[PDB]
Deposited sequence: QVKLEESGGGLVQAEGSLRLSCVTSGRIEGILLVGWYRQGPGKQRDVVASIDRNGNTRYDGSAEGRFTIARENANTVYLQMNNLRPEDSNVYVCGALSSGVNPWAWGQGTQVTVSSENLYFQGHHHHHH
């Protein structure tokens, strides 16, 4: 009953930037946390109180922010080839089906 749709990935050169966007639809009232995950290990997350959490590799280069009630983005600066990955948006809700996942977004960082 929560659906996630992702955009913003693609191909970029090293030291470039991307902004990944995750849009939620459905029963968003029960969402406790929205995050971006390396396809699943967390990169960054933002919870219902606005608290943000970053993995050590993201801290200082990436920023997660909530744009509105349905939209969370991850600004990725100073990308490196080792950052090439499929990134997936996840939402943690309260209840029996706790996790919802987006379709996944390819990020490729060229040398």
{"query": "Deposited-sequence segments unaccounted for in the coordinates", "finding": "40 to 44, 117 to 129"}
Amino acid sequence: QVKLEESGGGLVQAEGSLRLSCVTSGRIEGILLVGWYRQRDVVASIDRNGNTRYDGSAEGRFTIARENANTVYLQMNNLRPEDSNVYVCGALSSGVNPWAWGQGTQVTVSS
From here on, numbers count along this sequence of modelled residues.
property: Comparing 9 to 17 with 94 to 102, the one whose average Cα B-factor in the PDB entry is higher; result: 94 to 102
property: Stretch with the higher entry mean CA B-factor, where the candidates are 40 to 48 and 23 to 31; result: 23 to 31
property: Most elevated Cα B-factor in the entry, residues 53, 80, 66, 61; result: 80
